[PDB]
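One protein chain, two forms: both are listed below as structure tokens, the first as structure 1 and the second as structure 2.
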Structure 1
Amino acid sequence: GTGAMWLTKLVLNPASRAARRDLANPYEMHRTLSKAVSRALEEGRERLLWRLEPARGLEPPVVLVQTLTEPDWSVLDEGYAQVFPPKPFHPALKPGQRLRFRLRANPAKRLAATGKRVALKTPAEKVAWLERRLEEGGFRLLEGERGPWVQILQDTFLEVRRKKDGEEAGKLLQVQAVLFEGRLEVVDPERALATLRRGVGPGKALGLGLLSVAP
């Protein structure tokens, strides 16, 4: 019960306009990153996930990219990013294992009244959403004295211009992006692996949903 996927670390170059474009617009980032696994996506063998990492200093922006298939970063423009070699990742997941995690996700609900997806409003609801999704996904958010072992380090409403070739009007993608960090435990290694590989919650094409775990 090991599992496999590929992780790539990209260190983006603020001097590059293409990098700045993608850092500011998760949908454009989606378009850039997709090229690295273009044929796998078309063959229906791929689920690309990524996260723009929180910066804690003046360091350059770091983007973590997970793919099910081996990525080809030769597609990146010269100067766009420094690319660390994609590396096969075999997550160690066994029942009861405690792990630190980071997840930028879209805690949302589809309103009965409007049929539309909207953001859950309060921190309590965002945390409950995470607890629910983690448990359904074979993990479990740790609960220590002082509450759930999670912190919400960022909570922002994204309004992102979206445009595909052949489309006359460019739509506006609007999604709430919540950055969670904390501690969880593995419950069911197989379901937990599927959750790492498939991602958690909406907006996966927009740099949300990548559950990253580590001892």
Structure 2
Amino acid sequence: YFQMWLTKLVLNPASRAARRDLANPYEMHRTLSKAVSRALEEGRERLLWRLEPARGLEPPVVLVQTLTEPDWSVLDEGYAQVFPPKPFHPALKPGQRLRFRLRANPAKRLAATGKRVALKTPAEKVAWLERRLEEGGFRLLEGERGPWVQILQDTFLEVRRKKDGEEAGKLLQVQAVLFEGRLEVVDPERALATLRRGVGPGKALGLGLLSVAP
């Protein structure tokens, strides 16, 4: 009995709370977790989101995926224009090809030190995507000149948490890479699990939401 609910939110830069969440991924996460907070307590929810930041005429847009039905009545308005939540039941088939979008943290844990660190080059960011995808029931489409993936954005998130009331807390340091391309469904059952579970670290930071479409 699987659906994923998708909610689009168009945030309002006039709002101090919006502006806070748009500057800090961890604040953003707190706000979105309220829509599904009883379900978060119940252990079988996986809140995923992706922010498309404001550019030009385009306001800031967040795509939010939850496995249970969200209640956005918790948000104040002024905060965002909330599009009606909708459930999706993707019907995935072997050999079916799809566009995808994914902001993710392509990373490795170093043998020598045990630190999780960012993969340095585009080629290794793609190799990482390739592997997580394949283990997740997908396969990058291979074009004439290489794979059907583009790195649109590659940024180093450095997000301060607060602590003990209003003290400086941990600095969350995570490399964020926006991928867009085409893929093939290899194993439908696995692919649906990947869509529901997400790809890679920083899920509570707006990473790991794999979006596919015809």
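C-alpha atoms forming the largest set that superposes within 1.5 Å between two forms make up the rigid core. Residue numbering: structure 1 sequence, from 1. Shifts are known only where both forms have a C-alpha.
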Examine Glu42 after superposing the rigid core and state whether its CA is displaced by 2 Å or more between the two structures.
-> no
C-alpha of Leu172 off by 2 Å or more between the two structures on rigid core | no
If we fit on the core, is the Cα of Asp188 displaced 2 Å or more between the two structures?
-> no
After aligning on the rigid core, report the distance the C-alpha of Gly57 travels between the two structures, in angstrom.
-> 4.2
On a rigid core superposition, how far has the CA of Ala113 moved between the two structures, in Å, if you could check?
-> 1.2
Superpose the two forms on the rigid core, then report in sequence order the stretches of at least three consecutive residues whose Cα positions each move 2 Å or more between the two structures.
-> 53 to 57, 163 to 169
